[PDB]
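Just below is one structure, and these are the notes that go with it.
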Amino acid sequence: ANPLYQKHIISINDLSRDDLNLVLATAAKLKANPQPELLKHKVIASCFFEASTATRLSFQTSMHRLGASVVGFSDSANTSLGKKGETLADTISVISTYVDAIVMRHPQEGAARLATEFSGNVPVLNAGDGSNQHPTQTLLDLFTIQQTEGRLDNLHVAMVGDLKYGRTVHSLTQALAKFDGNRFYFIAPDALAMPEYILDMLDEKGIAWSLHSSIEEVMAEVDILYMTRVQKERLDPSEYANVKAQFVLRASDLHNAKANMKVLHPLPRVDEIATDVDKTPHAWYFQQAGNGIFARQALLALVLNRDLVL
Amino acid sequence: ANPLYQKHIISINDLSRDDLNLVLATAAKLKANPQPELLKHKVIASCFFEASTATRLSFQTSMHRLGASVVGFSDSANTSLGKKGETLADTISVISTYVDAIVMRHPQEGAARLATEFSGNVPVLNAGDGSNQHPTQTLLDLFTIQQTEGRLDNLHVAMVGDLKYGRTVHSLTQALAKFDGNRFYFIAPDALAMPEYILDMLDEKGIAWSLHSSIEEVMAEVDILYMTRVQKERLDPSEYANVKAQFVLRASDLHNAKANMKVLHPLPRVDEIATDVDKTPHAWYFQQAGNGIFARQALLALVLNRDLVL
Amino acid sequence: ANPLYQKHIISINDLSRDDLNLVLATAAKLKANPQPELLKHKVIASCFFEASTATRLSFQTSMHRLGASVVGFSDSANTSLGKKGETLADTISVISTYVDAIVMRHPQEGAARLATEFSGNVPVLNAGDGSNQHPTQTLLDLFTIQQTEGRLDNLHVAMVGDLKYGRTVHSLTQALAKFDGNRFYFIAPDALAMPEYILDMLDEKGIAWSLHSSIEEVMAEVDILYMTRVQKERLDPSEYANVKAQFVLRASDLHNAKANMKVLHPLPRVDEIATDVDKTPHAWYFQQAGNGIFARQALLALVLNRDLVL
Amino acid sequence: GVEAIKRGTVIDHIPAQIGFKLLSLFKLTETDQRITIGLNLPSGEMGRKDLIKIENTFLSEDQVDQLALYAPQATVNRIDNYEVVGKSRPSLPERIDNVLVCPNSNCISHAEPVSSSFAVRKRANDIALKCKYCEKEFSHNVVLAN
Amino acid sequence: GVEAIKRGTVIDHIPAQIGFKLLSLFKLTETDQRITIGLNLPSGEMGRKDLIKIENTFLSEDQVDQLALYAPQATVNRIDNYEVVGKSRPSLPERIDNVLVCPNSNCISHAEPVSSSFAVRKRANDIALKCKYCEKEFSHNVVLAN
Ligand SMILES: O=C(O)C[C@H](NC(=O)CP(=O)(O)O)C(=O)O
Ligand SMILES: O=C(O)C[C@H](NC(=O)CP(=O)(O)O)C(=O)O
Ligand SMILES: O=C(O)C[C@H](NC(=O)CP(=O)(O)O)C(=O)O
Ligand SMILES: [Zn+2]
Ligand SMILES: [Zn+2]
């Protein structure tokens with residue numbers, strides 16, 4: 001059985017440097033040569049209780065690119081949880097008797113973790129739970145970084161935007177702190193700053209991180225500039241001062257950026273990455289979006305097939 | 001490569017008499033003998049940002065009747081464009097890295113044309129863009145006309161209803177003006193009359209068209225009576241006087257109709273075609289609806305397969 | 001003719017030290033010897049385009065104690081401005097052909113000044129315009145300070161709360177800067193600070209003022225502690241952090257206040273003054289509300305009577 | 001007539017009260033160079049003209065053609081070190097990208113980040129303008145905003 | 001200079017990129033007689049200089065000190081018989097009515113049919129404008145922003 005076979009994938013906090021490296025290796029193998037019938041005869045649930053264009057559609061294309069069948073919903077308003085009061089617990093209890101694995105995105109932190117309490121042997125793959133984690137985002141972010149920098153160890157990575165509610169930077173900061181000698185620069189408004197628990201973790205692991213008030217003061221030393229979007233859905237009224245982007249990247253700022261440096265963004269973007277950056281060599285977010293197909297295909301392959309894509 | 005291979009299908013204005021004839025020939029070939037695995041291993045996006053029962057479900061049945069897989073959404077409210085502010089441009093940029101072709105219906109005129117600017121090599125097939133075009137409607141309308149009249153040249157076709165906002169009569173009037181000697185009769189309230197740009201086009205091509213105030217004054221010379229429904233979703237408050245159907249067809253009016261003449265309607269119908277017409281020999285709209293499967297299957301086959309269904 | 005006869009009381013800014021002193025002298029006279037007929041046969045319009053309990057009911061009780069008649073509204077939802085699109089200019093133009101003075105409260109700053117351009121010969125008295133001015137609040141607060149302190153010069157006045165949107169403190173500060181030697185202490189959260197044009201004026205005048213982050217800093221120094229309420233309805237969404245009171249006054253904090261010191265508040269009060277304060281000899285806010293009857297009777301008496309023998 | 005020039009373009013013969021429109025519409029003034037404009041100055045040929053000398057900037061054919069919807073008979077002129085090299089003239093331009101705005105309120109062009117684009121055809125009397133996106137066709141006069 | 005006139009005004013020493021704003025802001029286009037605009041002219045001391053010439057016209061009571069707020073060092077030369085009959089430099093008035101827009105969203109000036117009006121105090125570092133209706137006072141930078 002490979003190491004991830006039938007594991008639940010809920011938080012980057014439960015995976016090792018090796019588990020990540022495995023996913024990545026399988027992504028490159030399946031990107032190089034396809035496997036159309038690898039998951040023939042499996043039916044996977046797509047349970048999106050929160051908005052999604054990319055995570056849901058890249059997950060369902062991956063399931064389809066491996067022969068599996070998909071069942072699910074994209075909206076909770078017409079589910080019996082929506083109209084009848086079914087609990088998420090009884091919802092997962094019933095869906096576990098039907099499908100071979102459950103992919104679910106949900107607006108409360110902790111939702112994928114409790115699905116596992118009720119899912120039996122059916123693995124639960126977390127497509128984002130509130131402002132907590134988003135593990136498959138980090139698997140395509142890491143594949144895109146490895147792919148454009150050659151390494152995942154010894155990088156300079158700046159994370160800009162809403163880091164309090166950005167579930168993407170929660171998972172990704174915890175994945176890169178598993179490799180050696182990565183330096184962190186964090187650029188957020190004080191109200192949307194990195195949660196203490198990730199900075200603590202950076203500190204006991206001895207990792208070097210620093211706060212910065214502008215993109216320009218780190219533009220020349222960063223290799224990955226990972227931009228995020230203010231999670232306006234998640235803000236409290238107190239925080240409504242922070243709805244507009246404070247740090248907006250325009251192509252001019254890239255005029256002294258390291259030639260290898262790429263600009264990543266999980267997407268959607270609203271005003272923080274201007275569209276003129278789109279034509280510049282550093283822009284890699286749509287490439288990044290595309291790599292979602294290969295990391296999600298690799299992950300499904302490992303959790304549902306005993307063997308190992310050779 | 002056949003002529004339509006990987007072309008975007010956005011407006012009837014960009015296709016030639018030959019491109020239409022091709023689609024039609026392939027429709028008859030695939031209606032006669034099926035091809036279940038013609039599009040095996042392709043995944044097609046179904047992106048309906050506007051309401052649909054028939055265009056979406058006939059398109060997805062056609063994709064399924066040729067072996068392809070479908071991914072998509074029927075509602076924009078739970079897409080990241082709906083809840084997060086993703087632009088249609090970034091939406092198409094991300095979906096282009098996943099699927100082999102994109103079918104999209106959208107409420108703004110011009111939406112499928114700009115998807116092509118951002119879709120890479122992925123073809124965009126227009127399932128209706130606001131009040132502009134609806135090219136696959138015209139392909140099943142033409143297949144049903146050819147099928148019930150034998151010709152597409154030298155017909156008498158009356159178009160009744162909302163012709164200002166009827167995207168169906170915009171495409172169809174432009175497809176039949178590609179064949180020779182067709183006569184047009186237009187029956188609409190002045191406020192919902194044919195757009196100037198189609199009448200101009202009829203004039204420089206020397207085509208004979210005329211305005212008429214009743215169905216009865218043309219009932220005896222028409223071969224195709226193509227009924228439409230007032231696009232109430234698209235009306236301005238000024239135009240709210242025109243929400244009810246002015247011209248309503250009842251079976252009695254058909255009592256001096258040419259024996260070959262059929263009544264077509266893109267559907268939905270509200271009060272303009274009474275249900276007693278449903279039992280008469282001239283009624284062909286549900287047959288027409290069914291032919292959507294063969295024209296949409298033919299179109300997908302041509303845009304995605306290099307070869308030519310023999 | 002007295003100085004205030006037929007004047008418009010729009011802004012404290014337009015009144016001098018002696019107009020102000022004339023109102024207090026008269027309020028004192030009518031508080032002791034009532035005039036039940038002073039305005040027998042005058043009809044005064046009370047037009048409240050924005051919520052009020054105390055300003056509107058003290059004003060129309062004043063009118064009735066002086067023999068006048070009142071007509072008007074407390075809710076513009078039922079005027080022809082509300083339902084039919086009558087401008088405020090045409091509303092005032094028409095109302096001035098009927099009545100002998102207009103008392104107005106409105107939500108846009110600048111509304112009462114506009115009313116005077118249309119008013120004709122009819123005096124307009126400003127019961128508050130948005131966050132600009134509240135002139136009749138200051139005449140009742142100045143009568144109260146005089147009553148308790150016997151002095152309107154050389155006082156130590158602290159103003160606490162939302163000083164940016166508070167029209168009561170914009171008018172009160174402008175009026176106390178007309179007497180000699182008053183010292184101001186402003187305690188407000190940054191977002192809701194004293195607008196610079198009031199500060200510029202204090203400075204241009206040589207008046208001493210200072211900022212403080214607490215009330216304790218100034219408790220032993222002050223003669224009057226003027227509490228205000230956060231103007232939630234005037235806040236911008238970016239200011240919503242500031243909705244809750246930042247400085248709350250409880251009986252305990254009155255620990256080493258000068259014995260003569262009074263706690264004034266325009267009211268309504270939300271959480272900023274605890275109710276135990278109410279039972280201390282320092283709480284003067286309901287005696288202050290009572291003084292609105294005499295200050296407003298005085299003003300109405302002086303604007304509509306040429307010479308007054310009192 | 002009016003002020004001298006070494007190298008650049010001098011758009012002469014602009015119809016009266018149109019010279020201004022053109023300074024604005026094709027942004028000709030947003031430069032660090034010397035432009036001289038002669039508004040309402042006597043022509044003779046057709047009474048009164050208006051005209052622009054833009055120094056050290058040269059127009060492409062393509063720019064010059066765009067002027068045909070405003071000043072059809074204008075006469076563009078490039079002068080390389082004072083002598084007239086090429087006297088050109090507008091021909092209506094087939095496409096007018098970026099400059100105009102689609103008057104269809106429900107055109108997608110208004111929401112998304114794409115540049116505007118119109119196909120130009122001498123529509124029998126007026127010049128008709130078809131939006132490349134919503135495909136509605138408009139007279140050139142209305143597209144020039146009301 | 002760059003043109004001459006029998007009688008008219010010549011606004012010279014106009015700061016760069018402001019010259020074009022004045023033809024719109026004073027509507028010096030509703031005119032029949034000649035206007036000469038020289039843009040980005042050298043002025044040794046101030047480098048870039050725009051200059052406007054209007055034949056037969058003299059700027060009214062408003063525009064001269066409204067110009068004070070827009071081009072504070074501009075020099076207005078009144079000309080007749082080609083002689084500089086008068087030279088002027090505008091002063092900041094006490095008030096500017098009609099042309100400026102109050103920055104305050106909630107000022108009634110925005111909803112009702114009344115002419116805006118601001119008082120002009122020349123406040124140490126810059127002009128402060130107090131709105132006649134809402135009584136807020138603003139930096140002139142804010143009030144006549146672009
Ligand atoms: O929404 C974001 O800003 C980042 C991130 N975005 C995505 O995963 C893309 P989508 O919401 O279209 O699936 C998320 O956490 O949902
Ligand atoms: O709705 C109409 O009247 C005609 C036409 N109808 C259809 O295509 C059928 P549907 O909206 O169920 O896909 C359309 O333009 O959408
Ligand atoms: O509302 C306040 O906080 C103070 C002040 N309050 C009053 O005048 C009392 P009322 O709103 O009951 O007339 C106002 O400015 O409107
Ligand atoms: Zn358009
Ligand atoms: Zn104002």
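Within each chain, counting starts at residue 1; across the structure tokens, chains are named A, B, ... in the order shown, with ligands numbered 1 upward in that order.
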
*Identify, counting only C-alpha atoms and all ligand atoms, the protein, DNA and RNA residues located within 10 Å of ligand 5, and give them as a PyMOL selection string.*
(chain C and resi 108-110) or (chain E and resi 101-110+116-118+129-138)

How about saving the chosen residues, C-alpha atoms kept, as an mmCIF file, in the first residue's frame?
```cif
data_model
loop_
_atom_site.group_PDB
_atom_site.id
_atom_site.type_symbol
_atom_site.label_atom_id
_atom_site.label_comp_id
_atom_site.auth_asym_id
_atom_site.auth_seq_id
_atom_site.Cartn_x
_atom_site.Cartn_y
_atom_site.Cartn_z
ATOM 1 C CA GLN C 108 -27.596 66.128 4.927
ATOM 2 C CA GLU C 109 -25.235 68.800 6.285
ATOM 3 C CA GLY C 110 -26.097 72.145 4.718
ATOM 4 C CA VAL E 101 -17.759 70.546 -6.278
ATOM 5 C CA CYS E 102 -17.978 69.897 -2.545
ATOM 6 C CA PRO E 103 -15.966 66.793 -1.586
ATOM 7 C CA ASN E 104 -18.507 65.912 1.118
ATOM 8 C CA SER E 105 -20.843 63.157 -0.130
ATOM 9 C CA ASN E 106 -23.510 64.194 2.359
ATOM 10 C CA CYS E 107 -23.489 67.929 1.530
ATOM 11 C CA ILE E 108 -26.969 68.996 0.367
ATOM 12 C CA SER E 109 -25.176 70.907 -2.450
ATOM 13 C CA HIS E 110 -25.113 67.626 -4.343
ATOM 14 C CA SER E 116 -21.862 75.690 -4.989
ATOM 15 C CA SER E 117 -19.888 78.436 -3.247
ATOM 16 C CA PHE E 118 -16.660 78.228 -1.238
ATOM 17 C CA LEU E 129 -11.957 76.218 0.898
ATOM 18 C CA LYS E 130 -14.944 76.207 3.264
ATOM 19 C CA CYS E 131 -18.195 75.081 1.650
ATOM 20 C CA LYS E 132 -21.038 77.581 2.160
ATOM 21 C CA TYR E 133 -23.549 74.812 2.935
ATOM 22 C CA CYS E 134 -21.903 72.014 4.960
ATOM 23 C CA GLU E 135 -19.371 74.278 6.583
ATOM 24 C CA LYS E 136 -16.476 71.751 6.198
ATOM 25 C CA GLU E 137 -13.208 73.261 5.125
ATOM 26 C CA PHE E 138 -10.950 71.374 2.695
#
```

For ligand 1, return the neighbouring residues as a short mmCIF file (atom, residue, chain, number, x, y, z; two decimals) with N, CA and C atoms, in the first residue's frame (distance at most 8 Å; only C-alpha atoms and all ligand atoms).
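Below is the file that was written, selection-v9.cif:
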```
data_model
loop_
_atom_site.label_atom_id
_atom_site.label_comp_id
_atom_site.auth_asym_id
_atom_site.auth_seq_id
_atom_site.Cartn_x
_atom_site.Cartn_y
_atom_site.Cartn_z
N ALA A 51 -18.76 28.54 -2.18
CA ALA A 51 -18.47 28.87 -3.56
C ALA A 51 -17.19 28.31 -4.11
N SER A 52 -17.21 27.92 -5.38
CA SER A 52 -16.01 27.46 -6.05
C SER A 52 -16.15 27.43 -7.55
N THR A 53 -15.18 27.97 -8.28
CA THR A 53 -15.06 27.69 -9.70
C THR A 53 -13.88 26.70 -9.84
N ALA A 54 -12.63 27.13 -9.56
CA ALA A 54 -11.44 26.32 -9.75
C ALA A 54 -11.26 25.06 -8.90
N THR A 55 -11.15 25.06 -7.57
CA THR A 55 -11.07 23.81 -6.80
C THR A 55 -12.13 22.75 -7.19
N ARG A 56 -13.43 23.07 -7.30
CA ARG A 56 -14.40 22.08 -7.70
C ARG A 56 -14.16 21.66 -9.12
N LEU A 57 -14.03 22.56 -10.11
CA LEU A 57 -13.94 22.07 -11.46
C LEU A 57 -12.60 21.42 -11.75
N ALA A 127 -11.33 20.37 0.60
CA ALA A 127 -11.21 21.40 -0.43
C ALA A 127 -11.28 22.85 0.10
N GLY A 128 -11.25 23.04 1.43
CA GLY A 128 -11.11 24.30 2.12
C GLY A 128 -12.09 24.29 3.24
N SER A 131 -11.72 29.41 7.31
CA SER A 131 -10.45 30.09 7.22
C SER A 131 -9.31 29.23 7.77
N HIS A 134 -6.46 24.44 3.45
CA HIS A 134 -6.79 24.22 2.07
C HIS A 134 -5.60 23.37 1.61
N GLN A 137 -4.47 23.08 -2.25
CA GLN A 137 -4.06 24.34 -2.86
C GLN A 137 -2.56 24.29 -2.70
N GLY A 166 -6.63 33.98 5.11
CA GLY A 166 -6.18 33.25 3.92
C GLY A 166 -5.83 31.79 4.22
N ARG A 167 -6.76 30.85 4.00
CA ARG A 167 -6.47 29.47 4.30
C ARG A 167 -5.35 28.93 3.44
N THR A 168 -5.12 29.53 2.27
CA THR A 168 -4.05 29.15 1.38
C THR A 168 -2.71 29.39 2.08
N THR A 228 -2.31 37.20 -2.08
CA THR A 228 -3.63 36.69 -1.78
C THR A 228 -4.73 37.77 -1.90
N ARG A 229 -6.01 37.50 -1.68
CA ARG A 229 -7.10 38.43 -1.86
C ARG A 229 -7.75 38.61 -0.50
N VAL A 230 -8.20 39.77 -0.03
CA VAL A 230 -8.83 39.94 1.26
C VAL A 230 -10.06 39.05 1.30
N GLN A 231 -10.22 38.20 2.32
CA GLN A 231 -11.35 37.30 2.39
C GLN A 231 -12.55 38.08 2.85
N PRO A 266 -3.49 32.33 -5.49
CA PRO A 266 -4.46 31.22 -5.53
C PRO A 266 -5.67 31.45 -6.43
N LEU A 267 -6.06 32.75 -6.50
CA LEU A 267 -7.13 33.34 -7.34
C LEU A 267 -8.44 33.06 -6.61
N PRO A 268 -9.51 33.82 -6.68
CA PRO A 268 -9.72 34.97 -7.53
C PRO A 268 -8.88 36.13 -7.06
N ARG A 269 -8.50 37.02 -7.97
CA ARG A 269 -7.83 38.26 -7.60
C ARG A 269 -8.86 39.38 -7.76
N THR B 79 -20.40 30.33 -8.02
CA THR B 79 -19.12 30.26 -8.69
C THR B 79 -18.26 31.33 -8.01
N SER B 80 -16.94 31.41 -8.11
CA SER B 80 -16.20 32.52 -7.55
C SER B 80 -16.48 33.83 -8.27
N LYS B 84 -17.06 35.93 -5.26
CA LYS B 84 -15.74 36.44 -4.94
C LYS B 84 -15.24 37.56 -5.84
#
```

*asked:* Let me make sure I understand: if you superpose chain E onto chain D using all C-alpha atoms paired in order, what RMSD in Å results?
replied: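 With chain E fitted onto chain D, the C-alpha RMSD reads 1.4 Å.
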
*Rounded to one decimal in Å, what is the spacing between atom CA of residue A:10 and atom CA of residue A:99?*
18.1 Å

I want to know what sits within 9 Å of residue C:60, based on only C-alpha atoms, with residues of the same chain fewer than 4 positions away left out; could you give that as a PDB file with N, CA, C and O atoms, in the first residue's frame?
```pdb
ATOM      1  N   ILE C  44     -46.220  77.787  13.567  1.00  0.00           N
ATOM      2  CA  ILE C  44     -44.804  77.501  13.359  1.00  0.00           C
ATOM      3  C   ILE C  44     -44.796  76.057  12.876  1.00  0.00           C
ATOM      4  O   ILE C  44     -45.558  75.215  13.394  1.00  0.00           O
ATOM      5  N   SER C  46     -42.950  72.478  12.224  1.00  0.00           N
ATOM      6  CA  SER C  46     -41.927  71.660  12.813  1.00  0.00           C
ATOM      7  C   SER C  46     -41.615  70.573  11.793  1.00  0.00           C
ATOM      8  O   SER C  46     -42.326  69.565  11.721  1.00  0.00           O
ATOM      9  N   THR C  55     -35.457  67.007  20.804  1.00  0.00           N
ATOM     10  CA  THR C  55     -35.438  68.290  20.118  1.00  0.00           C
ATOM     11  C   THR C  55     -36.808  68.634  19.572  1.00  0.00           C
ATOM     12  O   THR C  55     -37.300  69.727  19.846  1.00  0.00           O
ATOM     13  N   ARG C  56     -37.492  67.693  18.939  1.00  0.00           N
ATOM     14  CA  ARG C  56     -38.803  67.970  18.405  1.00  0.00           C
ATOM     15  C   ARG C  56     -39.798  68.190  19.517  1.00  0.00           C
ATOM     16  O   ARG C  56     -40.454  69.240  19.500  1.00  0.00           O
ATOM     17  N   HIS C  64     -46.120  75.691  22.352  1.00  0.00           N
ATOM     18  CA  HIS C  64     -47.418  75.665  22.999  1.00  0.00           C
ATOM     19  C   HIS C  64     -47.392  76.443  24.296  1.00  0.00           C
ATOM     20  O   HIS C  64     -48.399  77.092  24.598  1.00  0.00           O
ATOM     21  N   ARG C  65     -46.296  76.476  25.067  1.00  0.00           N
ATOM     22  CA  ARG C  65     -46.266  77.264  26.297  1.00  0.00           C
ATOM     23  C   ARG C  65     -46.334  78.754  25.954  1.00  0.00           C
ATOM     24  O   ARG C  65     -46.686  79.561  26.802  1.00  0.00           O
ATOM     25  N   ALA C  68     -48.461  79.544  20.779  1.00  0.00           N
ATOM     26  CA  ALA C  68     -48.396  79.329  19.346  1.00  0.00           C
ATOM     27  C   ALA C  68     -49.021  78.004  18.942  1.00  0.00           C
ATOM     28  O   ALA C  68     -49.396  77.113  19.737  1.00  0.00           O
ATOM     29  N   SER C  69     -49.103  77.893  17.621  1.00  0.00           N
ATOM     30  CA  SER C  69     -49.641  76.740  16.942  1.00  0.00           C
ATOM     31  C   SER C  69     -48.580  76.065  16.133  1.00  0.00           C
ATOM     32  O   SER C  69     -47.744  76.745  15.546  1.00  0.00           O
ATOM     33  N   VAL C  70     -48.697  74.744  16.009  1.00  0.00           N
ATOM     34  CA  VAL C  70     -47.670  73.937  15.389  1.00  0.00           C
ATOM     35  C   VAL C  70     -48.322  73.089  14.346  1.00  0.00           C
ATOM     36  O   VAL C  70     -49.417  72.603  14.626  1.00  0.00           O
TER      37      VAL C  70
END
```

*Identify all residues of stretch 14-136 of chain D in strand (DSSP E or B) (DSSP on the backbone) and supply them as number ranges by chain.*
D: 14-15, 35-39, 42-44, 47-55, 75-80, 83-88, 95, 107, 118-122, 127-131
